[PDB]
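Structure below is entry-v6.cif: mmCIF, C-alpha atoms and all ligand atoms.
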data_query
loop_
_atom_site.group_PDB
_atom_site.id
_atom_site.type_symbol
_atom_site.label_atom_id
_atom_site.label_comp_id
_atom_site.auth_asym_id
_atom_site.auth_seq_id
_atom_site.Cartn_x
_atom_site.Cartn_y
_atom_site.Cartn_z
ATOM 1 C CA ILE L 19 -3.267 0.066 -9.655
ATOM 2 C CA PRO L 20 -7.077 0.304 -9.316
ATOM 3 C CA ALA L 21 -7.848 1.835 -5.907
ATOM 4 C CA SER L 22 -10.192 -1.068 -5.121
ATOM 5 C CA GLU L 23 -7.454 -3.736 -5.354
ATOM 6 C CA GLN L 24 -4.869 -1.671 -3.526
ATOM 7 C CA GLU L 25 -3.850 -1.647 0.143
ATOM 8 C CA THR L 26 -1.544 1.202 1.148
ATOM 9 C CA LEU L 27 0.720 0.953 4.198
ATOM 10 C CA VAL L 28 2.674 3.674 6.009
ATOM 11 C CA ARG L 29 5.449 3.347 8.608
ATOM 12 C CA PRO L 30 5.255 5.835 11.524
ATOM 13 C CA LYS L 31 8.482 7.420 12.780
ATOM 14 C CA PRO L 32 9.550 6.487 16.353
ATOM 15 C CA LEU L 33 7.607 9.229 18.195
ATOM 16 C CA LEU L 34 4.284 8.744 16.381
ATOM 17 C CA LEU L 35 4.690 4.953 16.783
ATOM 18 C CA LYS L 36 5.137 5.319 20.547
ATOM 19 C CA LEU L 37 1.974 7.466 20.591
ATOM 20 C CA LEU L 38 -0.046 4.934 18.557
ATOM 21 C CA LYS L 39 1.210 2.080 20.752
ATOM 22 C CA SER L 40 0.327 4.119 23.855
ATOM 23 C CA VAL L 41 -3.340 3.572 22.892
ATOM 24 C CA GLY L 42 -3.188 -0.147 22.010
ATOM 25 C CA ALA L 43 -1.458 -0.318 18.620
ATOM 26 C CA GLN L 44 0.860 -3.322 18.174
ATOM 27 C CA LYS L 45 2.361 -3.275 14.680
ATOM 28 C CA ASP L 46 4.817 -1.085 12.736
ATOM 29 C CA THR L 47 2.900 -0.414 9.533
ATOM 30 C CA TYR L 48 -0.665 0.834 9.147
ATOM 31 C CA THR L 49 -3.147 2.104 6.638
ATOM 32 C CA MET L 50 -3.885 5.840 7.057
ATOM 33 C CA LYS L 51 -7.363 4.960 8.397
ATOM 34 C CA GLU L 52 -5.687 2.839 11.081
ATOM 35 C CA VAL L 53 -3.372 5.717 12.060
ATOM 36 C CA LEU L 54 -6.456 8.008 12.215
ATOM 37 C CA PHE L 55 -8.324 5.438 14.340
ATOM 38 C CA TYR L 56 -5.529 5.454 16.949
ATOM 39 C CA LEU L 57 -4.986 9.239 16.763
ATOM 40 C CA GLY L 58 -8.744 9.674 17.316
ATOM 41 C CA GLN L 59 -8.496 7.436 20.336
ATOM 42 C CA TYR L 60 -5.514 9.321 21.700
ATOM 43 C CA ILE L 61 -7.353 12.637 21.368
ATOM 44 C CA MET L 62 -10.531 11.261 23.008
ATOM 45 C CA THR L 63 -8.777 9.554 25.931
ATOM 46 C CA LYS L 64 -6.558 12.541 26.755
ATOM 47 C CA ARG L 65 -9.608 14.806 26.306
ATOM 48 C CA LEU L 66 -7.657 17.193 24.051
ATOM 49 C CA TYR L 67 -10.776 18.368 22.199
ATOM 50 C CA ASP L 68 -12.529 21.470 23.580
ATOM 51 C CA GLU L 69 -15.751 20.341 25.334
ATOM 52 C CA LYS L 70 -17.417 23.659 24.331
ATOM 53 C CA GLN L 71 -16.065 23.736 20.755
ATOM 54 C CA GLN L 72 -15.605 20.029 20.018
ATOM 55 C CA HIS L 73 -14.006 20.633 16.615
ATOM 56 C CA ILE L 74 -10.829 22.269 18.010
ATOM 57 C CA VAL L 75 -8.041 20.121 19.451
ATOM 58 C CA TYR L 76 -5.747 21.825 21.992
ATOM 59 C CA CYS L 77 -2.466 19.907 22.118
ATOM 60 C CA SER L 78 0.201 22.447 23.212
ATOM 61 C CA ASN L 79 0.894 20.662 26.510
ATOM 62 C CA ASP L 80 0.796 17.236 24.884
ATOM 63 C CA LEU L 81 3.194 15.158 22.759
ATOM 64 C CA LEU L 82 0.722 15.510 19.877
ATOM 65 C CA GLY L 83 1.639 19.238 19.789
ATOM 66 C CA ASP L 84 5.303 18.252 19.402
ATOM 67 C CA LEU L 85 4.531 15.838 16.577
ATOM 68 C CA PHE L 86 2.254 18.281 14.792
ATOM 69 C CA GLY L 87 4.199 21.497 15.561
ATOM 70 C CA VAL L 88 1.103 23.579 16.413
ATOM 71 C CA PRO L 89 -0.584 24.465 19.723
ATOM 72 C CA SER L 90 -3.996 23.444 18.300
ATOM 73 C CA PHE L 91 -5.835 22.535 15.093
ATOM 74 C CA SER L 92 -9.337 22.001 13.677
ATOM 75 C CA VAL L 93 -10.560 18.428 13.021
ATOM 76 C CA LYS L 94 -12.564 19.885 10.104
ATOM 77 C CA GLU L 95 -9.380 20.696 8.207
ATOM 78 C CA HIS L 96 -8.432 17.279 6.839
ATOM 79 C CA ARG L 97 -5.612 18.212 4.449
ATOM 80 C CA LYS L 98 -3.751 20.077 7.218
ATOM 81 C CA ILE L 99 -4.013 16.975 9.418
ATOM 82 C CA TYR L 100 -2.715 14.660 6.677
ATOM 83 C CA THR L 101 0.211 17.047 6.093
ATOM 84 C CA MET L 102 1.055 16.928 9.819
ATOM 85 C CA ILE L 103 0.920 13.105 9.823
ATOM 86 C CA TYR L 104 3.128 12.807 6.699
ATOM 87 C CA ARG L 105 5.919 14.578 8.632
ATOM 88 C CA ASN L 106 5.885 11.637 11.050
ATOM 89 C CA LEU L 107 6.149 8.871 8.441
ATOM 90 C CA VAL L 108 9.337 7.026 7.466
ATOM 91 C CA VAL L 109 10.274 7.475 3.798
ATOM 92 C CA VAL L 110 10.372 3.895 2.463
ATOM 93 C CA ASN L 111 10.911 4.528 -1.286
ATOM 94 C CA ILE G 19 0.278 10.164 0.722
ATOM 95 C CA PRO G 20 3.755 11.067 -0.614
ATOM 96 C CA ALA G 21 4.911 8.216 -2.869
ATOM 97 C CA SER G 22 8.175 7.975 -0.910
ATOM 98 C CA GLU G 23 6.468 7.110 2.408
ATOM 99 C CA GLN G 24 3.974 4.734 0.851
ATOM 100 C CA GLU G 25 4.055 0.947 0.468
ATOM 101 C CA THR G 26 1.338 -0.497 -1.763
ATOM 102 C CA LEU G 27 0.205 -4.117 -1.435
ATOM 103 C CA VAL G 28 -1.929 -6.222 -3.784
ATOM 104 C CA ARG G 29 -3.627 -9.582 -3.163
ATOM 105 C CA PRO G 30 -3.433 -12.073 -6.077
ATOM 106 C CA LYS G 31 -6.516 -14.150 -6.904
ATOM 107 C CA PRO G 32 -6.204 -17.941 -6.351
ATOM 108 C CA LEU G 33 -4.799 -18.842 -9.801
ATOM 109 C CA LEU G 34 -2.130 -16.116 -9.943
ATOM 110 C CA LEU G 35 -1.189 -16.937 -6.319
ATOM 111 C CA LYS G 36 -0.671 -20.605 -7.199
ATOM 112 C CA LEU G 37 1.533 -19.470 -10.109
ATOM 113 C CA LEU G 38 3.605 -17.118 -7.919
ATOM 114 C CA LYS G 39 3.974 -19.824 -5.258
ATOM 115 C CA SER G 40 4.988 -22.310 -7.971
ATOM 116 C CA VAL G 41 8.223 -20.285 -8.298
ATOM 117 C CA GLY G 42 9.017 -19.805 -4.588
ATOM 118 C CA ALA G 43 6.566 -17.163 -3.355
ATOM 119 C CA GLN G 44 5.289 -17.722 0.201
ATOM 120 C CA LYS G 45 2.946 -14.891 1.182
ATOM 121 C CA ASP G 46 -0.512 -13.649 0.130
ATOM 122 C CA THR G 47 0.131 -9.961 -0.473
ATOM 123 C CA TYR G 48 2.866 -8.366 -2.570
ATOM 124 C CA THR G 49 4.023 -5.106 -4.018
ATOM 125 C CA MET G 50 3.628 -4.960 -7.826
ATOM 126 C CA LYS G 51 7.433 -5.199 -8.188
ATOM 127 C CA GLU G 52 7.324 -8.440 -6.190
ATOM 128 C CA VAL G 53 4.583 -9.861 -8.441
ATOM 129 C CA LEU G 54 6.700 -8.844 -11.486
ATOM 130 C CA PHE G 55 9.795 -10.473 -9.944
ATOM 131 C CA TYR G 56 7.974 -13.821 -9.643
ATOM 132 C CA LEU G 57 6.232 -13.506 -13.038
ATOM 133 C CA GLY G 58 9.658 -12.803 -14.583
ATOM 134 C CA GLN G 59 10.975 -15.921 -12.927
ATOM 135 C CA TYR G 60 8.048 -17.997 -14.124
ATOM 136 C CA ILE G 61 8.578 -16.829 -17.708
ATOM 137 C CA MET G 62 12.350 -17.487 -17.571
ATOM 138 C CA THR G 63 12.105 -20.946 -15.984
ATOM 139 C CA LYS G 64 9.374 -22.180 -18.339
ATOM 140 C CA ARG G 65 11.302 -20.604 -21.243
ATOM 141 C CA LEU G 66 8.154 -18.893 -22.566
ATOM 142 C CA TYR G 67 10.102 -16.060 -24.214
ATOM 143 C CA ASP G 68 11.093 -16.556 -27.871
ATOM 144 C CA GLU G 69 14.859 -17.288 -28.000
ATOM 145 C CA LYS G 70 15.044 -15.539 -31.421
ATOM 146 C CA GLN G 71 12.806 -12.581 -30.496
ATOM 147 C CA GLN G 72 13.357 -12.335 -26.736
ATOM 148 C CA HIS G 73 10.775 -9.575 -26.271
ATOM 149 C CA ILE G 74 7.760 -11.763 -27.183
ATOM 150 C CA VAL G 75 6.306 -14.184 -24.635
ATOM 151 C CA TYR G 76 4.387 -17.170 -26.057
ATOM 152 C CA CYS G 77 2.050 -18.484 -23.360
ATOM 153 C CA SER G 78 -0.871 -20.153 -25.215
ATOM 154 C CA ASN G 79 -0.026 -23.636 -23.913
ATOM 155 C CA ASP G 80 0.699 -22.350 -20.418
ATOM 156 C CA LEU G 81 -1.408 -21.271 -17.421
ATOM 157 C CA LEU G 82 -0.071 -17.737 -17.932
ATOM 158 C CA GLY G 83 -2.107 -17.637 -21.187
ATOM 159 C CA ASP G 84 -5.227 -18.511 -19.176
ATOM 160 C CA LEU G 85 -4.543 -15.795 -16.614
ATOM 161 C CA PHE G 86 -3.742 -13.187 -19.240
ATOM 162 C CA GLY G 87 -6.313 -14.264 -21.877
ATOM 163 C CA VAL G 88 -3.925 -13.920 -24.848
ATOM 164 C CA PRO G 89 -1.760 -16.440 -26.730
ATOM 165 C CA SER G 90 1.266 -14.101 -26.458
ATOM 166 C CA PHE G 91 2.337 -10.563 -25.547
ATOM 167 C CA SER G 92 5.294 -8.162 -25.761
ATOM 168 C CA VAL G 93 7.352 -7.449 -22.608
ATOM 169 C CA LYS G 94 7.905 -3.939 -24.028
ATOM 170 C CA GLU G 95 4.235 -3.086 -23.584
ATOM 171 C CA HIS G 96 4.078 -2.374 -19.854
ATOM 172 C CA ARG G 97 0.563 -0.930 -19.539
ATOM 173 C CA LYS G 98 -0.952 -3.982 -21.272
ATOM 174 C CA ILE G 99 0.875 -6.234 -18.797
ATOM 175 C CA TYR G 100 -0.328 -4.245 -15.772
ATOM 176 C CA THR G 101 -3.899 -4.421 -17.117
ATOM 177 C CA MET G 102 -3.600 -8.219 -17.423
ATOM 178 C CA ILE G 103 -2.267 -8.496 -13.848
ATOM 179 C CA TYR G 104 -5.039 -6.266 -12.411
ATOM 180 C CA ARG G 105 -7.598 -8.830 -13.652
ATOM 181 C CA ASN G 106 -5.970 -11.346 -11.304
ATOM 182 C CA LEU G 107 -6.055 -9.191 -8.161
ATOM 183 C CA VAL G 108 -8.635 -9.430 -5.367
ATOM 184 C CA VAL G 109 -10.640 -6.223 -4.891
ATOM 185 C CA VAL G 110 -9.965 -5.287 -1.248
ATOM 186 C CA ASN G 111 -11.690 -1.862 -1.042
HETATM 187 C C1 LIG E 1 -14.110 11.992 10.545
HETATM 188 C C2 LIG E 1 -12.895 11.939 11.538
HETATM 189 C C3 LIG E 1 -11.651 12.436 10.789
HETATM 190 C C4 LIG E 1 -10.923 11.613 9.902
HETATM 191 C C5 LIG E 1 -9.794 12.104 9.241
HETATM 192 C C6 LIG E 1 -9.386 13.427 9.469
HETATM 193 CL CL1 LIG E 1 -7.983 14.053 8.645
HETATM 194 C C7 LIG E 1 -10.101 14.252 10.340
HETATM 195 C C8 LIG E 1 -11.230 13.769 10.999
HETATM 196 N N1 LIG E 1 -13.099 12.623 12.849
HETATM 197 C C9 LIG E 1 -14.158 13.362 13.097
HETATM 198 N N2 LIG E 1 -14.094 13.809 14.260
HETATM 199 C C10 LIG E 1 -12.890 13.343 14.891
HETATM 200 C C11 LIG E 1 -12.537 13.744 16.294
HETATM 201 C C12 LIG E 1 -12.983 15.027 16.691
HETATM 202 C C13 LIG E 1 -12.703 15.505 17.975
HETATM 203 C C14 LIG E 1 -11.986 14.691 18.859
HETATM 204 C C15 LIG E 1 -11.526 13.407 18.474
HETATM 205 C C16 LIG E 1 -11.811 12.937 17.186
HETATM 206 C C17 LIG E 1 -12.301 12.587 13.935
HETATM 207 C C18 LIG E 1 -11.007 11.835 13.982
HETATM 208 C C19 LIG E 1 -10.654 10.510 13.943
HETATM 209 C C20 LIG E 1 -11.539 9.335 13.817
HETATM 210 O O1 LIG E 1 -11.028 8.219 13.710
HETATM 211 N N3 LIG E 1 -12.865 9.589 13.815
HETATM 212 C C21 LIG E 1 -14.038 8.835 13.626
HETATM 213 C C22 LIG E 1 -14.003 7.845 12.621
HETATM 214 C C23 LIG E 1 -15.142 7.085 12.336
HETATM 215 C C24 LIG E 1 -16.307 7.356 13.052
HETATM 216 N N4 LIG E 1 -16.328 8.324 13.998
HETATM 217 C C25 LIG E 1 -15.245 9.082 14.303
HETATM 218 N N5 LIG E 1 -15.357 10.070 15.315
HETATM 219 C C26 LIG E 1 -15.141 9.519 16.686
HETATM 220 C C27 LIG E 1 -15.019 10.602 17.797
HETATM 221 C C28 LIG E 1 -16.270 11.530 17.675
HETATM 222 N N6 LIG E 1 -16.357 12.583 18.703
HETATM 223 C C29 LIG E 1 -15.518 13.793 18.653
HETATM 224 C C30 LIG E 1 -15.502 14.650 19.944
HETATM 225 C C31 LIG E 1 -16.956 14.691 20.455
HETATM 226 O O2 LIG E 1 -17.458 13.360 20.677
HETATM 227 C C32 LIG E 1 -17.289 12.446 19.702
HETATM 228 O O3 LIG E 1 -18.027 11.469 19.806
HETATM 229 C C33 LIG E 1 -16.388 12.151 16.255
HETATM 230 C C34 LIG E 1 -16.507 11.025 15.202
HETATM 231 N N7 LIG E 1 -9.342 10.392 13.977
HETATM 232 C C35 LIG E 1 -8.739 11.595 14.062
HETATM 233 C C36 LIG E 1 -7.376 11.903 14.150
HETATM 234 C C37 LIG E 1 -7.084 13.278 14.231
HETATM 235 CL CL2 LIG E 1 -5.423 13.762 14.307
HETATM 236 C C38 LIG E 1 -8.063 14.286 14.224
HETATM 237 C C39 LIG E 1 -9.429 13.958 14.153
HETATM 238 C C40 LIG E 1 -9.715 12.593 14.069
HETATM 239 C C1 LIG E 2 11.926 -4.516 -17.073
HETATM 240 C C2 LIG E 2 11.114 -5.844 -16.860
HETATM 241 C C3 LIG E 2 9.621 -5.488 -16.856
HETATM 242 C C4 LIG E 2 8.976 -4.948 -15.722
HETATM 243 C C5 LIG E 2 7.613 -4.640 -15.759
HETATM 244 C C6 LIG E 2 6.888 -4.876 -16.936
HETATM 245 CL CL1 LIG E 2 5.188 -4.489 -16.996
HETATM 246 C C7 LIG E 2 7.516 -5.405 -18.065
HETATM 247 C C8 LIG E 2 8.876 -5.710 -18.036
HETATM 248 N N1 LIG E 2 11.445 -6.962 -17.792
HETATM 249 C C9 LIG E 2 12.241 -6.801 -18.826
HETATM 250 N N2 LIG E 2 12.363 -7.883 -19.435
HETATM 251 C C10 LIG E 2 11.592 -8.899 -18.771
HETATM 252 C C11 LIG E 2 11.532 -10.303 -19.298
HETATM 253 C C12 LIG E 2 11.640 -10.432 -20.703
HETATM 254 C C13 LIG E 2 11.590 -11.694 -21.302
HETATM 255 C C14 LIG E 2 11.440 -12.824 -20.489
HETATM 256 C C15 LIG E 2 11.322 -12.711 -19.082
HETATM 257 C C16 LIG E 2 11.374 -11.442 -18.491
HETATM 258 C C17 LIG E 2 11.032 -8.244 -17.728
HETATM 259 C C18 LIG E 2 10.108 -8.759 -16.668
HETATM 260 C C19 LIG E 2 10.196 -8.943 -15.311
HETATM 261 C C20 LIG E 2 11.336 -8.640 -14.423
HETATM 262 O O1 LIG E 2 11.196 -8.793 -13.209
HETATM 263 N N3 LIG E 2 12.459 -8.199 -15.029
HETATM 264 C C21 LIG E 2 13.710 -7.712 -14.607
HETATM 265 C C22 LIG E 2 13.713 -6.854 -13.486
HETATM 266 C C23 LIG E 2 14.909 -6.287 -13.033
HETATM 267 C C24 LIG E 2 16.078 -6.573 -13.735
HETATM 268 N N4 LIG E 2 16.053 -7.380 -14.821
HETATM 269 C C25 LIG E 2 14.913 -7.949 -15.292
HETATM 270 N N5 LIG E 2 14.982 -8.788 -16.434
HETATM 271 C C26 LIG E 2 15.339 -10.199 -16.093
HETATM 272 C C27 LIG E 2 15.193 -11.198 -17.277
HETATM 273 C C28 LIG E 2 16.002 -10.611 -18.479
HETATM 274 N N6 LIG E 2 16.031 -11.468 -19.677
HETATM 275 C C29 LIG E 2 14.873 -11.586 -20.580
HETATM 276 C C30 LIG E 2 14.944 -12.741 -21.612
HETATM 277 C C31 LIG E 2 16.392 -12.760 -22.140
HETATM 278 O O2 LIG E 2 17.329 -12.922 -21.060
HETATM 279 C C32 LIG E 2 17.196 -12.128 -19.980
HETATM 280 O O3 LIG E 2 18.204 -12.074 -19.278
HETATM 281 C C33 LIG E 2 15.520 -9.180 -18.850
HETATM 282 C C34 LIG E 2 15.693 -8.240 -17.634
HETATM 283 N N7 LIG E 2 9.052 -9.400 -14.843
HETATM 284 C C35 LIG E 2 8.148 -9.572 -15.829
HETATM 285 C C36 LIG E 2 6.838 -10.061 -15.759
HETATM 286 C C37 LIG E 2 6.160 -10.116 -16.992
HETATM 287 CL CL2 LIG E 2 4.521 -10.673 -17.004
HETATM 288 C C38 LIG E 2 6.729 -9.717 -18.213
HETATM 289 C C39 LIG E 2 8.052 -9.245 -18.268
HETATM 290 C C40 LIG E 2 8.720 -9.187 -17.043
#
If you convert what's in this file into structure tokens, what do you get?
Ligand SMILES: C[C@@H](c1ccc(Cl)cc1)n1cnc(-c2ccccc2)c1-c1c(C(=O)Nc2cccnc2N2CCC(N3CCCOC3=O)CC2)[nH]c2cc(Cl)ccc12
Ligand SMILES: C[C@@H](c1ccc(Cl)cc1)n1cnc(-c2ccccc2)c1-c1c(C(=O)Nc2cccnc2N2CCC(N3CCCOC3=O)CC2)[nH]c2cc(Cl)ccc12
Amino acid sequence: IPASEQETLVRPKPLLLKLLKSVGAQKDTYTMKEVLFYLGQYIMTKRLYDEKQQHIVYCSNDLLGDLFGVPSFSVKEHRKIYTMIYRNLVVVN
Amino acid sequence: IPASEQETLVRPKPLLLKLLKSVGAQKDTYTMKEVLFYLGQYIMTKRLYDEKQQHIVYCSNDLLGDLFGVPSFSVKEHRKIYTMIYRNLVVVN
């Protein structure tokens, strides 16, 4: 399917869903951009980014660290982030 | 996104949508498989397939012929069919 005519939906696993809904999300399926929107909000509101180095997220004491399995990560490393998110998506076949 | 965790939706243009709804479809977005399900039904119910050569669809006197722009096509030629369907999908970006 041509990328222009195509809408792609993902279904977060229970823990990611609870996180997304904790910042105002209502539904069960999302585009990746929508998941990123809410994850961005979560990070901002819990002030997980380092004020001095605003590209590193420190999440070791937060549920995000559980979901992602790392104590911290760089927002500049997109593919790593997508990988971490994919681990929290329901296989729908 | 891993293909297993991914649901892809398309939005039929007005004429295809009217065709899909003419055979029981209710919604505005569909997976490709869902569009194919309803197109298959349309073809069966209007008996557009050739009883003697059941792989050729004759649609020149039908709205399907307008949508697809051909007087007939083979069901064995999948990529041609997908191409014809893509012309009837709303670009959603
Ligand atoms: C391109 C984007 C990103 C997308 C995809 C990927 Cl893979 C990576 C980055 N981005 C860039 N900086 C952050 C990001 C970075 C740090 C903390 C939070 C979000 C993000 C981000 C968003 C997001 O929706 N961003 C966004 C989208 C559109 C416009 N503007 C955006 N940003 C708002 C906060 C803004 N910001 C950052 C801290 C300093 O002040 C400030 O205004 C910096 C600009 N969502 C995320 C989810 C996670 Cl897990 C991690 C990072 C993000
Ligand atoms: C794999 C499939 C197809 C998919 C994708 C693509 Cl690209 C091409 C073929 N298929 C194969 N034969 C026809 C197809 C062929 C001719 C007429 C109508 C549908 C179709 C079909 C379906 C569909 O959903 N098929 C289907 C799906 C699942 C199980 N069984 C299925 N079929 C029911 C009618 C069945 N059949 C055909 C006539 C003789 O009696 C009979 O029982 C032959 C078996 N939808 C369509 C839409 C269009 Cl525009 C054109 C053809 C089809």
With 6 Å on each side, where is the centre of the axis-aligned box around all listed atoms of ligand LIG 1 (chain E), and how long are its edges in Å to one decimal, as lines of an AutoDock Vina configuration file?
center_x = -11.7
center_y = 11.3
center_z = 14.7
size_x = 24.6
size_y = 20.4
size_z = 24.0
Contact residues (chain L, partner chain G, 10 Å, only C-alpha atoms) as a ChimeraX atom specification: /L:19-30,47-50,100-101,103-111
If I put a ball of radius 12 Å at (7.6, -9.7, -23.8) in the file's coordinates, which residues poke into it when counting only C-alpha atoms, written as a list in words?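 Residues satisfying the cut-off, written out: residues 57, 58, 61, 62, 65, 66, 67, 68, 69, 71, 72, 73, 74, 75, 76, 77, 89, 90, 91, 92, 93, 94, 95, 96, 98 and 99 of chain G.
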Quick one: write out the picked residues with C-alpha atoms as a CSV table (one decimal), keeping the file's coordinate frame?
chain,number,residue,atom,x,y,z
G,57,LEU,CA,6.2,-13.5,-13.0
G,58,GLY,CA,9.7,-12.8,-14.6
G,61,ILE,CA,8.6,-16.8,-17.7
G,62,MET,CA,12.4,-17.5,-17.6
G,65,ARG,CA,11.3,-20.6,-21.2
G,66,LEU,CA,8.2,-18.9,-22.6
G,67,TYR,CA,10.1,-16.1,-24.2
G,68,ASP,CA,11.1,-16.6,-27.9
G,69,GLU,CA,14.9,-17.3,-28.0
G,71,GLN,CA,12.8,-12.6,-30.5
G,72,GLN,CA,13.4,-12.3,-26.7
G,73,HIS,CA,10.8,-9.6,-26.3
G,74,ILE,CA,7.8,-11.8,-27.2
G,75,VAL,CA,6.3,-14.2,-24.6
G,76,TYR,CA,4.4,-17.2,-26.1
G,77,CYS,CA,2.0,-18.5,-23.4
G,89,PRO,CA,-1.8,-16.4,-26.7
G,90,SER,CA,1.3,-14.1,-26.5
G,91,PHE,CA,2.3,-10.6,-25.5
G,92,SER,CA,5.3,-8.2,-25.8
G,93,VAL,CA,7.4,-7.4,-22.6
G,94,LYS,CA,7.9,-3.9,-24.0
G,95,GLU,CA,4.2,-3.1,-23.6
G,96,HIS,CA,4.1,-2.4,-19.9
G,98,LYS,CA,-1.0,-4.0,-21.3
G,99,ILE,CA,0.9,-6.2,-18.8
Please, what distance in Å, to one decimal, runs between CA of residue 53 (chain G) and CA of residue 31 (chain L)? 27.6 Å
Would you pick out the contacts of residue 82 (chain G) at 9 Å or less, using only C-alpha atoms, so that residues sharing its chain but fewer than 3 positions from it are not included, and give the list as a PDB file with C-alpha atoms, keeping the file's coordinate frame?
ATOM      1  CA  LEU G  34      -2.130 -16.116  -9.943  1.00  0.00           C
ATOM      2  CA  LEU G  37       1.533 -19.470 -10.109  1.00  0.00           C
ATOM      3  CA  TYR G  60       8.048 -17.997 -14.124  1.00  0.00           C
ATOM      4  CA  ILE G  61       8.578 -16.829 -17.708  1.00  0.00           C
ATOM      5  CA  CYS G  77       2.050 -18.484 -23.360  1.00  0.00           C
ATOM      6  CA  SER G  78      -0.871 -20.153 -25.215  1.00  0.00           C
ATOM      7  CA  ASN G  79      -0.026 -23.636 -23.913  1.00  0.00           C
ATOM      8  CA  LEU G  85      -4.543 -15.795 -16.614  1.00  0.00           C
ATOM      9  CA  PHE G  86      -3.742 -13.187 -19.240  1.00  0.00           C
ATOM     10  CA  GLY G  87      -6.313 -14.264 -21.877  1.00  0.00           C
ATOM     11  CA  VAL G  88      -3.925 -13.920 -24.848  1.00  0.00           C
TER      12      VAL G  88
END
Which distance in Å separates CA of residue 43 (chain G) and atom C15 of ligand LIG 2 (chain E), to one decimal?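 Answer for the CA of residue 43 (chain G) to atom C15 of ligand LIG 2 (chain E) separation: 17.0 Å.
Each of G:54, G:83, G:102, G:33 was compared to ligand LIG 2 (chain E) using all atoms listed in the file, and G:54 turns out to be the nearest.
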Between atom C27 of ligand LIG 1 (chain E) and CA of residue 84 (chain L), what is the distance, to one decimal in Å? 21.8 Å
Around (-5.4, 5.2, 24.1) in the file's own coordinates, what residues are found within 7 Å if you use only C-alpha atoms, given back as a ChimeraX atom specification? /L:40-42,59-60,63
Since we have the selection now, will you write its residues out, keeping C-alpha atoms, as a PDB file, in the coordinates of the input?
ATOM      1  CA  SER L  40       0.327   4.119  23.855  1.00  0.00           C
ATOM      2  CA  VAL L  41      -3.340   3.572  22.892  1.00  0.00           C
ATOM      3  CA  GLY L  42      -3.188  -0.147  22.010  1.00  0.00           C
ATOM      4  CA  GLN L  59      -8.496   7.436  20.336  1.00  0.00           C
ATOM      5  CA  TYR L  60      -5.514   9.321  21.700  1.00  0.00           C
ATOM      6  CA  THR L  63      -8.777   9.554  25.931  1.00  0.00           C
TER       7      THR L  63
END
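The shortest atom-to-atom distance to ligand LIG 1 (chain E), with all atoms listed in the file taken into account, belongs to L:55 out of L:64, L:39, L:70, L:55.
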As a short mmCIF file (atom, residue, chain, number, x, y, z; two decimals), in the frame of the given file, please: region 81-93 of chain G completed to N, CA and C atoms.
data_model
loop_
_atom_site.label_atom_id
_atom_site.label_comp_id
_atom_site.auth_asym_id
_atom_site.auth_seq_id
_atom_site.Cartn_x
_atom_site.Cartn_y
_atom_site.Cartn_z
N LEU G 81 -0.44 -21.91 -18.32
CA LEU G 81 -1.41 -21.27 -17.42
C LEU G 81 -1.36 -19.74 -17.50
N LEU G 82 -0.18 -19.19 -17.76
CA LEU G 82 -0.07 -17.74 -17.93
C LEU G 82 -1.03 -17.20 -19.01
N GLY G 83 -1.16 -17.95 -20.11
CA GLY G 83 -2.11 -17.64 -21.19
C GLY G 83 -3.55 -17.62 -20.72
N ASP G 84 -3.88 -18.48 -19.76
CA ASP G 84 -5.23 -18.51 -19.18
C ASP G 84 -5.46 -17.26 -18.34
N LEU G 85 -4.49 -16.96 -17.47
CA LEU G 85 -4.54 -15.80 -16.61
C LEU G 85 -4.62 -14.50 -17.39
N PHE G 86 -3.87 -14.43 -18.49
CA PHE G 86 -3.74 -13.19 -19.24
C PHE G 86 -4.74 -13.09 -20.40
N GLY G 87 -5.28 -14.24 -20.82
CA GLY G 87 -6.31 -14.26 -21.88
C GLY G 87 -5.82 -13.99 -23.29
N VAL G 88 -4.52 -14.13 -23.52
CA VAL G 88 -3.92 -13.92 -24.85
C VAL G 88 -2.97 -15.07 -25.12
N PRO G 89 -2.72 -15.38 -26.41
CA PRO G 89 -1.76 -16.44 -26.73
C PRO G 89 -0.29 -16.00 -26.57
N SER G 90 -0.07 -14.69 -26.48
CA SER G 90 1.27 -14.10 -26.46
C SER G 90 1.16 -12.61 -26.19
N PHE G 91 2.27 -12.00 -25.80
CA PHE G 91 2.34 -10.56 -25.55
C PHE G 91 3.79 -10.07 -25.58
N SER G 92 3.96 -8.76 -25.78
CA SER G 92 5.29 -8.16 -25.76
C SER G 92 5.66 -7.63 -24.37
N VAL G 93 6.86 -7.95 -23.90
CA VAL G 93 7.35 -7.45 -22.61
C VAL G 93 7.62 -5.93 -22.64
#
